[PDB]
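Next up, target_22.txt (compact mmCIF, N, CA, C and O atoms and all ligand atoms):
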# COMPACT_ATOMS: atom_id res chain seq x y z
N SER A 1 115.30 102.32 104.09
CA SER A 1 115.10 103.69 103.54
C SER A 1 113.66 103.81 103.11
O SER A 1 112.94 102.81 103.00
N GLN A 2 113.24 105.05 102.86
CA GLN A 2 111.88 105.32 102.35
C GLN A 2 111.63 104.65 100.99
O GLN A 2 110.55 104.14 100.75
N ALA A 3 112.64 104.62 100.12
CA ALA A 3 112.53 103.95 98.83
C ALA A 3 112.34 102.43 98.99
O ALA A 3 111.56 101.81 98.26
N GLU A 4 113.06 101.85 99.94
CA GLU A 4 112.91 100.42 100.24
C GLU A 4 111.58 100.10 100.90
O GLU A 4 111.02 99.02 100.69
N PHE A 5 111.08 101.03 101.70
CA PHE A 5 109.74 100.92 102.29
C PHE A 5 108.69 100.87 101.17
O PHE A 5 107.81 100.01 101.18
N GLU A 6 108.83 101.76 100.19
CA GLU A 6 107.92 101.78 99.05
C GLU A 6 107.96 100.45 98.29
O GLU A 6 106.92 99.91 97.92
N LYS A 7 109.15 99.93 98.08
CA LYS A 7 109.30 98.64 97.41
C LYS A 7 108.66 97.49 98.21
O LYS A 7 107.94 96.66 97.63
N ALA A 8 108.90 97.45 99.53
CA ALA A 8 108.32 96.41 100.38
C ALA A 8 106.80 96.49 100.37
O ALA A 8 106.12 95.46 100.33
N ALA A 9 106.26 97.71 100.40
CA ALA A 9 104.81 97.89 100.39
C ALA A 9 104.19 97.40 99.09
O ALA A 9 103.03 96.99 99.06
N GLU A 10 104.96 97.44 98.01
CA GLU A 10 104.54 96.89 96.72
C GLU A 10 104.65 95.36 96.73
O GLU A 10 103.69 94.66 96.41
N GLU A 11 105.81 94.84 97.14
CA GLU A 11 106.04 93.40 97.08
C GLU A 11 105.07 92.59 97.95
O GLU A 11 104.66 91.51 97.55
N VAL A 12 104.66 93.14 99.10
CA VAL A 12 103.78 92.43 99.99
C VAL A 12 102.41 92.13 99.34
O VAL A 12 101.72 91.21 99.76
N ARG A 13 102.04 92.90 98.30
CA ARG A 13 100.78 92.70 97.59
C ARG A 13 100.81 91.54 96.60
O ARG A 13 99.77 91.15 96.05
N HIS A 14 102.01 90.98 96.38
CA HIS A 14 102.21 89.99 95.32
C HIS A 14 102.68 88.63 95.85
O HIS A 14 103.10 87.76 95.07
N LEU A 15 102.57 88.44 97.16
CA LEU A 15 102.88 87.14 97.74
C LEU A 15 101.98 86.06 97.14
O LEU A 15 100.82 86.32 96.82
N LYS A 16 102.53 84.86 96.98
CA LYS A 16 101.80 83.76 96.35
C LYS A 16 100.64 83.24 97.20
O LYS A 16 99.70 82.62 96.68
N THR A 17 100.71 83.50 98.50
CA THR A 17 99.64 83.21 99.46
C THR A 17 99.38 84.47 100.27
O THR A 17 100.32 85.16 100.67
N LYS A 18 98.11 84.78 100.53
CA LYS A 18 97.75 85.91 101.37
C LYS A 18 98.34 85.67 102.77
O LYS A 18 98.21 84.58 103.31
N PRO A 19 98.99 86.68 103.34
CA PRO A 19 99.50 86.55 104.71
C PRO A 19 98.40 86.24 105.73
O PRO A 19 97.22 86.53 105.50
N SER A 20 98.80 85.64 106.84
CA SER A 20 97.88 85.35 107.93
C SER A 20 97.35 86.63 108.54
O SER A 20 97.90 87.71 108.30
N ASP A 21 96.31 86.53 109.36
CA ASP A 21 95.78 87.74 109.99
C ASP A 21 96.83 88.42 110.86
O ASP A 21 96.92 89.64 110.87
N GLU A 22 97.61 87.62 111.59
CA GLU A 22 98.66 88.18 112.42
C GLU A 22 99.66 88.98 111.57
O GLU A 22 100.05 90.09 111.93
N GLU A 23 100.02 88.42 110.42
CA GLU A 23 100.98 89.06 109.52
C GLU A 23 100.38 90.34 108.93
O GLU A 23 101.03 91.35 108.87
N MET A 24 99.10 90.28 108.54
CA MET A 24 98.41 91.45 107.99
C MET A 24 98.34 92.59 109.00
O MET A 24 98.56 93.77 108.65
N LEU A 25 98.08 92.25 110.26
CA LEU A 25 97.98 93.26 111.31
C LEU A 25 99.35 93.86 111.62
O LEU A 25 99.46 95.06 111.88
N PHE A 26 100.39 93.05 111.60
CA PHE A 26 101.76 93.54 111.79
C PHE A 26 102.09 94.55 110.69
O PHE A 26 102.61 95.64 110.95
N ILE A 27 101.80 94.16 109.45
CA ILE A 27 102.05 95.00 108.28
C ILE A 27 101.26 96.31 108.36
O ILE A 27 101.81 97.39 108.17
N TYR A 28 99.97 96.22 108.69
CA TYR A 28 99.17 97.42 108.83
C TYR A 28 99.70 98.35 109.93
O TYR A 28 99.92 99.54 109.70
N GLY A 29 99.91 97.81 111.13
CA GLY A 29 100.27 98.66 112.26
C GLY A 29 101.61 99.36 112.03
O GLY A 29 101.77 100.55 112.31
N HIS A 30 102.57 98.62 111.47
CA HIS A 30 103.87 99.22 111.23
C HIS A 30 103.86 100.22 110.09
O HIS A 30 104.57 101.22 110.13
N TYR A 31 103.03 99.97 109.08
CA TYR A 31 102.81 100.94 108.01
C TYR A 31 102.29 102.27 108.57
O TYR A 31 102.84 103.34 108.24
N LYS A 32 101.29 102.20 109.44
CA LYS A 32 100.74 103.44 110.01
C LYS A 32 101.75 104.15 110.89
O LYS A 32 101.91 105.37 110.80
N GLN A 33 102.46 103.39 111.70
CA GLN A 33 103.51 103.97 112.55
C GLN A 33 104.66 104.60 111.76
O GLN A 33 105.23 105.60 112.19
N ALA A 34 104.99 104.04 110.59
CA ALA A 34 106.07 104.56 109.75
C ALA A 34 105.63 105.78 108.96
O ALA A 34 106.47 106.55 108.50
N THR A 35 104.32 105.97 108.80
CA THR A 35 103.84 107.06 107.94
C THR A 35 103.26 108.20 108.76
O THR A 35 103.76 109.32 108.73
N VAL A 36 102.18 107.92 109.48
CA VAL A 36 101.58 108.92 110.35
C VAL A 36 102.43 109.13 111.62
O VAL A 36 102.55 110.25 112.12
N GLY A 37 102.99 108.04 112.15
CA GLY A 37 103.62 108.09 113.46
C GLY A 37 102.62 107.66 114.52
O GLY A 37 101.78 106.77 114.26
N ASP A 38 102.71 108.25 115.71
CA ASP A 38 101.86 107.84 116.82
C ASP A 38 100.39 107.96 116.43
O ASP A 38 99.99 108.93 115.78
N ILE A 39 99.61 106.98 116.85
CA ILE A 39 98.19 106.95 116.51
C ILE A 39 97.49 108.24 116.94
O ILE A 39 97.75 108.77 118.03
N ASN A 40 96.62 108.75 116.08
CA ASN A 40 95.98 110.05 116.32
C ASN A 40 94.48 110.03 116.05
O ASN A 40 93.87 111.07 115.79
N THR A 41 93.92 108.83 116.09
CA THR A 41 92.50 108.58 115.88
C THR A 41 91.87 107.90 117.10
O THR A 41 92.56 107.25 117.89
N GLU A 42 90.55 108.04 117.24
CA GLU A 42 89.83 107.32 118.28
C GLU A 42 89.57 105.88 117.85
O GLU A 42 89.40 105.59 116.67
N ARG A 43 89.56 104.96 118.81
CA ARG A 43 89.28 103.57 118.48
C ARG A 43 87.85 103.42 117.96
O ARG A 43 86.91 103.99 118.54
N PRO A 44 87.68 102.67 116.86
CA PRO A 44 86.34 102.29 116.38
C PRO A 44 85.55 101.58 117.47
O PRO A 44 86.11 101.03 118.43
N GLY A 45 84.23 101.61 117.32
CA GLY A 45 83.34 100.92 118.23
C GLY A 45 83.52 99.41 118.22
O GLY A 45 84.17 98.83 117.33
N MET A 46 82.93 98.77 119.23
CA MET A 46 83.09 97.34 119.44
C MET A 46 82.62 96.46 118.28
O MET A 46 83.12 95.35 118.12
N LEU A 47 81.70 96.97 117.46
CA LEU A 47 81.20 96.16 116.35
C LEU A 47 81.91 96.43 115.02
O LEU A 47 81.55 95.85 113.99
N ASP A 48 82.92 97.31 115.03
CA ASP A 48 83.74 97.53 113.86
C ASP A 48 84.91 96.57 114.02
O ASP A 48 85.97 96.94 114.53
N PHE A 49 84.71 95.33 113.61
CA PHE A 49 85.63 94.27 113.98
C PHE A 49 87.00 94.45 113.35
O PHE A 49 88.03 94.41 114.03
N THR A 50 87.01 94.65 112.04
CA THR A 50 88.27 94.89 111.35
C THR A 50 88.87 96.20 111.81
O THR A 50 90.09 96.28 112.00
N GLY A 51 88.04 97.23 111.97
CA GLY A 51 88.53 98.54 112.33
C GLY A 51 89.20 98.54 113.70
O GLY A 51 90.26 99.14 113.87
N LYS A 52 88.60 97.87 114.69
CA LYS A 52 89.19 97.90 116.03
C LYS A 52 90.46 97.05 116.10
O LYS A 52 91.39 97.41 116.79
N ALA A 53 90.52 95.96 115.33
CA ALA A 53 91.72 95.12 115.26
C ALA A 53 92.87 95.91 114.64
O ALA A 53 94.00 95.89 115.15
N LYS A 54 92.60 96.61 113.54
CA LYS A 54 93.59 97.48 112.91
C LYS A 54 94.08 98.55 113.88
O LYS A 54 95.27 98.78 114.02
N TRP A 55 93.13 99.21 114.54
CA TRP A 55 93.46 100.29 115.45
C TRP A 55 94.35 99.78 116.58
O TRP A 55 95.36 100.41 116.92
N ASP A 56 94.01 98.62 117.13
CA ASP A 56 94.81 98.04 118.21
C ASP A 56 96.23 97.75 117.75
O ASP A 56 97.18 97.97 118.50
N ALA A 57 96.38 97.22 116.53
CA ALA A 57 97.71 96.88 116.01
C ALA A 57 98.61 98.11 115.89
O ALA A 57 99.81 98.04 116.16
N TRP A 58 98.02 99.25 115.52
CA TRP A 58 98.75 100.51 115.44
C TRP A 58 98.97 101.12 116.83
O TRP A 58 100.08 101.56 117.17
N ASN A 59 97.93 101.11 117.65
CA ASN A 59 98.03 101.66 119.00
C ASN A 59 99.13 101.03 119.83
O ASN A 59 99.79 101.72 120.61
N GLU A 60 99.35 99.73 119.65
CA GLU A 60 100.38 99.00 120.39
C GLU A 60 101.78 99.54 120.15
O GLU A 60 102.69 99.31 120.93
N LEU A 61 101.96 100.23 119.02
CA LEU A 61 103.28 100.72 118.61
C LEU A 61 103.57 102.15 119.06
O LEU A 61 104.62 102.70 118.74
N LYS A 62 102.65 102.76 119.81
CA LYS A 62 102.82 104.15 120.23
C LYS A 62 104.19 104.36 120.89
O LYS A 62 104.57 103.57 121.75
N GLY A 63 104.92 105.39 120.45
CA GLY A 63 106.24 105.72 120.95
C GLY A 63 107.37 105.19 120.08
O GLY A 63 108.53 105.54 120.28
N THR A 64 107.03 104.32 119.13
CA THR A 64 108.01 103.76 118.20
C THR A 64 108.37 104.81 117.15
O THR A 64 107.49 105.43 116.55
N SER A 65 109.67 104.99 116.92
CA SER A 65 110.11 105.87 115.85
C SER A 65 109.64 105.40 114.49
O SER A 65 109.56 104.20 114.21
N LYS A 66 109.37 106.37 113.61
CA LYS A 66 109.01 106.04 112.24
C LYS A 66 110.09 105.20 111.56
O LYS A 66 109.75 104.29 110.78
N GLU A 67 111.37 105.47 111.88
CA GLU A 67 112.47 104.72 111.29
C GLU A 67 112.49 103.25 111.71
O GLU A 67 112.72 102.37 110.89
N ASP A 68 112.18 102.98 112.98
CA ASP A 68 112.07 101.59 113.44
C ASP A 68 110.87 100.85 112.89
O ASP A 68 110.97 99.68 112.56
N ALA A 69 109.76 101.56 112.77
CA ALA A 69 108.56 100.93 112.23
C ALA A 69 108.83 100.57 110.78
O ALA A 69 108.44 99.49 110.30
N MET A 70 109.52 101.46 110.07
CA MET A 70 109.80 101.22 108.66
C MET A 70 110.75 100.03 108.48
O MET A 70 110.54 99.17 107.65
N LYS A 71 111.79 99.97 109.31
CA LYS A 71 112.75 98.84 109.30
C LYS A 71 112.03 97.51 109.58
O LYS A 71 112.25 96.51 108.87
N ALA A 72 111.17 97.50 110.61
CA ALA A 72 110.39 96.31 110.93
C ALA A 72 109.46 95.86 109.79
O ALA A 72 109.31 94.67 109.51
N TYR A 73 108.84 96.83 109.12
CA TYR A 73 107.93 96.57 107.99
C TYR A 73 108.72 95.90 106.88
O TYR A 73 108.31 94.86 106.36
N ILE A 74 109.87 96.48 106.52
CA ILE A 74 110.64 95.97 105.41
C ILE A 74 111.10 94.56 105.73
O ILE A 74 111.04 93.66 104.90
N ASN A 75 111.57 94.36 106.97
CA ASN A 75 112.06 93.06 107.38
C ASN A 75 110.96 92.00 107.40
O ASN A 75 111.20 90.84 107.04
N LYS A 76 109.76 92.42 107.80
CA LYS A 76 108.61 91.51 107.76
C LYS A 76 108.30 91.07 106.34
O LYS A 76 108.07 89.89 106.08
N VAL A 77 108.28 92.02 105.41
CA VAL A 77 108.02 91.68 104.01
C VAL A 77 109.07 90.69 103.49
O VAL A 77 108.73 89.72 102.80
N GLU A 78 110.34 90.90 103.83
CA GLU A 78 111.37 89.97 103.41
C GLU A 78 111.11 88.57 103.98
O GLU A 78 111.26 87.58 103.26
N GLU A 79 110.69 88.50 105.24
CA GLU A 79 110.30 87.24 105.88
C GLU A 79 109.12 86.58 105.14
O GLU A 79 109.13 85.36 104.90
N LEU A 80 108.12 87.38 104.77
CA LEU A 80 106.95 86.85 104.08
C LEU A 80 107.29 86.36 102.69
O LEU A 80 106.75 85.34 102.24
N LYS A 81 108.19 87.06 102.00
CA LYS A 81 108.63 86.64 100.67
C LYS A 81 109.30 85.26 100.74
O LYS A 81 109.08 84.42 99.87
N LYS A 82 110.08 85.02 101.79
CA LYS A 82 110.74 83.73 101.98
C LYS A 82 109.74 82.63 102.37
O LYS A 82 109.92 81.46 102.03
N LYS A 83 108.69 83.02 103.09
CA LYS A 83 107.69 82.07 103.58
C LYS A 83 106.74 81.61 102.48
O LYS A 83 106.47 80.41 102.35
N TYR A 84 106.25 82.56 101.69
CA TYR A 84 105.18 82.30 100.71
C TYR A 84 105.63 82.29 99.26
O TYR A 84 104.96 81.70 98.41
N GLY A 85 106.74 82.96 98.98
CA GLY A 85 107.17 83.14 97.61
C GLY A 85 106.50 84.32 96.95
O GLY A 85 105.48 84.85 97.42
N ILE A 86 107.08 84.73 95.83
CA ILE A 86 106.63 85.88 95.08
C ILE A 86 107.00 85.66 93.61
O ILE A 86 106.30 86.08 92.69
ZN ZN A 101 116.19 103.69 106.92
ZN ZN A 102 90.82 86.64 109.38
ZN ZN A 103 88.80 98.22 102.82
ZN ZN A 104 107.37 96.36 115.79
Represent the structure contained in this file as structure tokens.
Ligand SMILES: [Zn+2]
Ligand SMILES: [Zn+2]
Ligand SMILES: [Zn+2]
Ligand SMILES: [Zn+2]
Amino acid sequence: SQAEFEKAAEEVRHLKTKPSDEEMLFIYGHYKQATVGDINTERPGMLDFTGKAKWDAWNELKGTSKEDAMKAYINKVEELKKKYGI
């Protein structure tokens, strides 16, 4: 649910270890897909390293329902809580 999405988005900030880059990109891309929906921005230039990585993670999800992105986000946070602790 949207309320559980809000809770997961809070809990992910309090993991005992910072998530890996792969995990951070999963979390970012699914967050954008669950909120904005399909990507609606142009890709950053080649030297915007963080920006283009973020954009790619969201772009890969094009066509995914907001409800599925939200479910995946929540499930990922639960996985991270078990992996790192909170
Ligand atoms: Zn739901
Ligand atoms: Zn890194
Ligand atoms: Zn920043
Ligand atoms: Zn996904």
Inset, instruction - Please identify every polymer residue within 8 Å of ligand ZN 104 (chain A), using all atoms listed in the file, and present the set as a ChimeraX atom specification. - result: /A:26,29-30,57,60-61,64,68-73
With N, CA, C and O atoms kept, could you save the residues just selected as a compact mmCIF listing (two decimals), keeping the file's coordinate frame?
# COMPACT_ATOMS: atom_id res chain seq x y z
N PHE A 26 100.39 93.05 111.60
CA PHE A 26 101.76 93.54 111.79
C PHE A 26 102.09 94.55 110.69
O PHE A 26 102.61 95.64 110.95
N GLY A 29 99.91 97.81 111.13
CA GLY A 29 100.27 98.66 112.26
C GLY A 29 101.61 99.36 112.03
O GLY A 29 101.77 100.55 112.31
N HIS A 30 102.57 98.62 111.47
CA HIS A 30 103.87 99.22 111.23
C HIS A 30 103.86 100.22 110.09
O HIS A 30 104.57 101.22 110.13
N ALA A 57 96.38 97.22 116.53
CA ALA A 57 97.71 96.88 116.01
C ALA A 57 98.61 98.11 115.89
O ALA A 57 99.81 98.04 116.16
N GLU A 60 99.35 99.73 119.65
CA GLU A 60 100.38 99.00 120.39
C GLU A 60 101.78 99.54 120.15
O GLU A 60 102.69 99.31 120.93
N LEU A 61 101.96 100.23 119.02
CA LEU A 61 103.28 100.72 118.61
C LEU A 61 103.57 102.15 119.06
O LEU A 61 104.62 102.70 118.74
N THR A 64 107.03 104.32 119.13
CA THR A 64 108.01 103.76 118.20
C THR A 64 108.37 104.81 117.15
O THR A 64 107.49 105.43 116.55
N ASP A 68 112.18 102.98 112.98
CA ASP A 68 112.07 101.59 113.44
C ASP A 68 110.87 100.85 112.89
O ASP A 68 110.97 99.68 112.56
N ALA A 69 109.76 101.56 112.77
CA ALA A 69 108.56 100.93 112.23
C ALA A 69 108.83 100.57 110.78
O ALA A 69 108.44 99.49 110.30
N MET A 70 109.52 101.46 110.07
CA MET A 70 109.80 101.22 108.66
C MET A 70 110.75 100.03 108.48
O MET A 70 110.54 99.17 107.65
N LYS A 71 111.79 99.97 109.31
CA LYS A 71 112.75 98.84 109.30
C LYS A 71 112.03 97.51 109.58
O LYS A 71 112.25 96.51 108.87
N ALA A 72 111.17 97.50 110.61
CA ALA A 72 110.39 96.31 110.93
C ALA A 72 109.46 95.86 109.79
O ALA A 72 109.31 94.67 109.51
N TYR A 73 108.84 96.83 109.12
CA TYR A 73 107.93 96.57 107.99
C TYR A 73 108.72 95.90 106.88
O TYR A 73 108.31 94.86 106.36
Legend entry - Selected residue of minimal separation from ligand ZN 102 (chain A) among A:3, A:8, A:20, A:28, counting all atoms listed in the file: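 Among the listed residues, A:20 lies closest to ligand ZN 102 (chain A).
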Legend entry - Test item: residues no farther than 8 Å from ligand ZN 102 (chain A), counting all atoms listed in the file, as a list in words: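 Selection of residues at most 8 Å from ligand ZN 102 (chain A): residues 19, 20, 21 and 22 of chain A.
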Inset, instruction - Rounded to one decimal place, report the CA of residue 59 (chain A)-CA of residue 16 (chain A) distance in Å. - result: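 Going from CA of residue 59 (chain A) over to CA of residue 16 (chain A) covers 29.1 Å.
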Inset, instruction - Name the residues, by chain letter and number, that sit within 7 Å of ligand ZN 101 (chain A) using only C-alpha atoms and all ligand atoms, and give them as a ChimeraX atom specification. - result: /A:1-2,67,71
Inset, instruction - Give me, please, the distance in Å between atom N of residue 54 (chain A) and atom C of residue 86 (chain A), quoted to one decimal. - result: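 Distance reported for this atom pair: 26.9 Å.
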Legend entry - Gap from CA of residue 45 (chain A) to CA of residue 25 (chain A) - Å, one decimal: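 Computing it gives 17.9 Å between the two atoms.
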Legend entry - Within 8 Å of residue 17 (chain A) using all atoms listed in the file, minus same-chain residues under 2 positions, as a PyMOL selection string: chain A and resi 12-15+19-20+80+83-86
Inset, instruction - Using DSSP on the backbone, list every residue of chain A that comes out as helix (DSSP H, G or I), and give them as a ChimeraX atom specification. - result: /A:2-14,21-35,49-59,66-84
Legend entry - Nearest to ligand ZN 103 (chain A) by atom-to-atom distance, counting only C-alpha atoms and all ligand atoms, from A:63, A:74, A:41, A:51: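 Smallest separation from ligand ZN 103 (chain A) among the options: A:51.
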Return as JSON the box centre and box size in Å, one decimal, for an axis-aligned box around all listed atoms of region 38-54 of chain A padded by 8 Å per side.
{"center_x": 92.0, "center_y": 102.7, "center_z": 115.4, "size_x": 37.5, "size_y": 32.8, "size_z": 24.1}
Inset, instruction - Give as a PyMOL selection string each residue that has an atom at most 6 Å from (98.0, 104.4, 117.3) in the file, counting only C-alpha atoms. - result: chain A and resi 38-39+58-59+62
